[PDB]
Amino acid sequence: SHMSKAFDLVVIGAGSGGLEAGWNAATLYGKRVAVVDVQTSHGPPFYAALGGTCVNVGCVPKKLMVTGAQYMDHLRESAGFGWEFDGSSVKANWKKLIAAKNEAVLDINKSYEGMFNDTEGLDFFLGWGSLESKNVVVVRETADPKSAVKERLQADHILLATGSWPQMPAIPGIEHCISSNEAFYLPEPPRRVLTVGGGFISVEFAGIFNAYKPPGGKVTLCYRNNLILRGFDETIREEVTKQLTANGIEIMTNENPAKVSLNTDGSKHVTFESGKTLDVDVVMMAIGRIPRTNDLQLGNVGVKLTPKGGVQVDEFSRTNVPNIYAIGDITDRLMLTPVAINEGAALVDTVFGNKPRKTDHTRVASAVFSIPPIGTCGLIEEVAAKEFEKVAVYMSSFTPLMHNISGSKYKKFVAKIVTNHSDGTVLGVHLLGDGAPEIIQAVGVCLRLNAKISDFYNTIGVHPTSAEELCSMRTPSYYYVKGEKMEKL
């Protein structure tokens, strides 16, 4: 019919945070929920869709594609264990990878769609949502607030959960460049590619492209500062740089693209600020992600933005307008799917259950699917050392024995535990090597239970594994004392 529909909760953006909120409110609490997204399945023109950034063009397809990339290491490393086969026959078929990923993703899209069609009180609306007033969300045909109205949805409570978007720098020839969004759909793997950025996406893609490159290919990563993966453990930052270099990736630090132009053959010609040049078939920018707040017409209700650009929120995800909340990357804090999900669950417990609950943003475990991957939870030592008078660092680094037979001698596993040495409390744990993302998960539970180094040391090791290293350290390699590093007290 031609009438608006009414809800307890309207959620704009059917992604990690919004889906957790909406499912919880409808199924745990009997609320009537509407959820809006721009697309029912992944890909061009809008990339993200039902299921969010993670399902469509994020965690899920990238993990698949890293898993694909790892077979290059596997097929080579097999020879050290006796495997023999015609090495000259090996090809990496990118198009098969992409078609397999696309169908996996589309199956989640269809699955999610089916759940909306079926679940009472939980409704999907296709289009672009924005705030018309504090109790009405309008759903339009495009992100232009002048496009046609498909629905008006009344809402007692409104959740903003539109996520983030790739930031593109304002350089000449930026139009010749792509983001991670387009990278997922490249018709063919680039012979030569530049990945611009030192963060997890650049690095992860650098390893994907490096395994699927055609014959005379070359992957280059550039970063404007001097060491990639700011925010992660420094030892690990240096080591993953070496290991990426060891597998044929050229890391360019202290380099930033100044312009891009097309060569007469149509390749991209990149000029760096230093006047170095590089010719490539693809330039993928991954220099950052920014909150998606522009299309919500927040000025219509006066929802405040932080100096930085995220929707401002309190610890309860509340904006300055009482019944309007924000969760996920739109708050511009930790841009991780399970953080968005925890925030959603906790919002809905607080507002609709009788159960106030704030997300804990500390001691969050995360991973980088570099090759080999990082697993990390809690504080890096230089941050810990500014908060706590005495810090101890327990460190074990070693090429594991499998990799002395596989040939990949450069694959050094690193395990570090950072403590408040005043009481043993584990402040952070940082891992580099095969299995690190899997090892770190239950370490997150330890940290939430305020584990001490002796709790780890007293646990009996599972042997032989990499993880047992965390249960074998009782003497600090070094310390920080009122901020200064020294091998002894």
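Numbers follow the displayed sequence, beginning with 1. By rigid core we mean the largest C-alpha set that fits within 1.5 Å across both forms.
The higher RMS C-alpha distance to the shown form in 9 other deposited structures of this protein, out of 260 to 268 and 275 to 283, belongs to 260 to 268, with every structure fitted on the core. Put simply, when the other structures in 9 other deposited structures of this protein are lined up on the rigid core, the C-alpha atoms of 351 to 359 lie farther off than those of the other stretch, from 231 to 239 and 351 to 359. In this entry, 457 to 465 shows the higher mean Cα temperature factor of the pair 54 to 62 and 457 to 465. The PDB entry records a higher mean C-alpha B factor for 397 to 405 than for its counterpart among 262 to 270 and 397 to 405. Set against one another, the Cα B-factors of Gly231, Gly129, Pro338, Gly353 in the record reach their highest point at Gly353. Highest CA B-factor among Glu84, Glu175, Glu77, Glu151, as stated in the entry: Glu84. Placement of the Cα temperature factor of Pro373 within the chain: middle third of the modelled residues, per the deposited record. When the modelled residues of the chain are ordered by C-alpha B-factor, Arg140 sits in the lowest third.
Ranked within its chain, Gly163 lands in the lowest third, by CA B factor from the PDB record.
The deposited CA B-factor of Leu28 belongs to the highest third of values across its chain. In the deposited entry, the Cα temperature factor of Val443 places it in the lowest third of its chain's modelled residues.
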